[PDB]
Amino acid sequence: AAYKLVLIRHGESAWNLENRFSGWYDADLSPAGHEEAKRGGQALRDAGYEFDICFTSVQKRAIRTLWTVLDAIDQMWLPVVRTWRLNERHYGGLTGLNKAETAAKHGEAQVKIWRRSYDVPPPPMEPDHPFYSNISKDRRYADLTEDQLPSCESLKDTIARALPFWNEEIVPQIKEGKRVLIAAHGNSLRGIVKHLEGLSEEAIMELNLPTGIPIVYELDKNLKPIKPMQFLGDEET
């Protein structure tokens, strides 16, 4: 096909091990998540993949995944572009809570609604939230407008602020012939995949992208996939 696009979802983070909602909280990779990134990079290296430009979020679990991949494929020299628009979904007031704390505070019914809903956000992260200054006052978001800095996000909100970056910054690079690598997060990558495949809300909500595994798209000149997404890695994985 005319173009080739590679996606990679970061692996396990330190807060995944505590089953805590991270969202915009800047949790690092766990040792196992770092090893996942190494295996994905090895897979790209074995398959001879070459890139011209890389995009990632401003969160270290995705950035470190990208670094590890670039090291594995000996392409540390590539230009890298970081954007808040590829950040993980913002989980609002759930940020920092674990599974038990979330169920205890909100109840089965409410949490079920948040799980399955496309456009119902979780509660807002208010100024007295333990992570409010950690996230909302981080200087990396200093340049965001008031309406851009979320206090919480539904999946629809996340996709809505990721796709502008796709359309305005990534698509031109692809049509320029650049081989793009995107290292990001489950829900921002969901945004890109929904756009690429024209998926419904129900379908995207059921899509669970594997972690640490290069996801390969073969795209025609209008960026329409010519075949299903392919996963890279030894036969078992």
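In this text, rigid core is short for the largest set of C-alphas that superpose within 1.5 Å between two forms. We number the residues from 1 along the sequence you see.
Novice: With the rigid core as the fit anchor, does 151-159 or 127-135 show bigger C-alpha shifts in 9 other deposited structures of this protein?
Specialist: It is 127-135 that deviates more in 9 other deposited structures of this protein.
Novice: Figure out for me whether 138-146 or 92-100 is the more displaced stretch in 9 other deposited structures of this protein, taking RMS C-alpha distance from the shown form once the rigid core is superposed.
Specialist: After the core superposition, the stretch with higher RMS deviation in 9 other deposited structures of this protein is 92-100.
Novice: Tell me which stretch, 41-49 or 63-71, has the higher mean Cα B-factor listed in the entry.
Specialist: Looking at the record's C-alpha B-factors, the answer is 41-49.
Novice: Per the entry, where is the mean C-alpha temperature factor higher: 182-190 or 202-210?
Specialist: Comparing 182-190 with 202-210, the higher average CA B-factor belongs to 202-210.
Novice: Which one of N134, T102, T83, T95 shows the biggest C-alpha B-factor in the PDB entry?
Specialist: Within the set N134, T102, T83, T95, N134 shows the top C-alpha B-factor.
Novice: If you rank every modelled residue in this chain by C-alpha B factor, which third holds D128: lowest, middle or highest?
Specialist: Its C-alpha B-factor, which the entry lists for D128, ranks in the highest third among residues of this chain.
Novice: Taking only the Cα B-factors deposited for this chain, tell me whether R140 sits in the lowest, middle or highest third.
Specialist: It belongs to the middle third of the chain when residues are ordered by C-alpha B-factor.
Novice: Please say which third, lowest, middle or highest, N87 falls into when its CA temperature factor is compared across its chain.
Specialist: CA B-factor rank for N87: lowest third.
Novice: By the recorded C-alpha temperature factor, relative to the other modelled residues in its chain, which third is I170 in?
Specialist: It falls in the middle third of the chain.
Novice: Quick check on the deposited entry: does the C-alpha B-factor of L78 sit in the lowest, middle or highest third of its chain?
Specialist: For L78, the deposited C-alpha B-factor lands in the lowest third.
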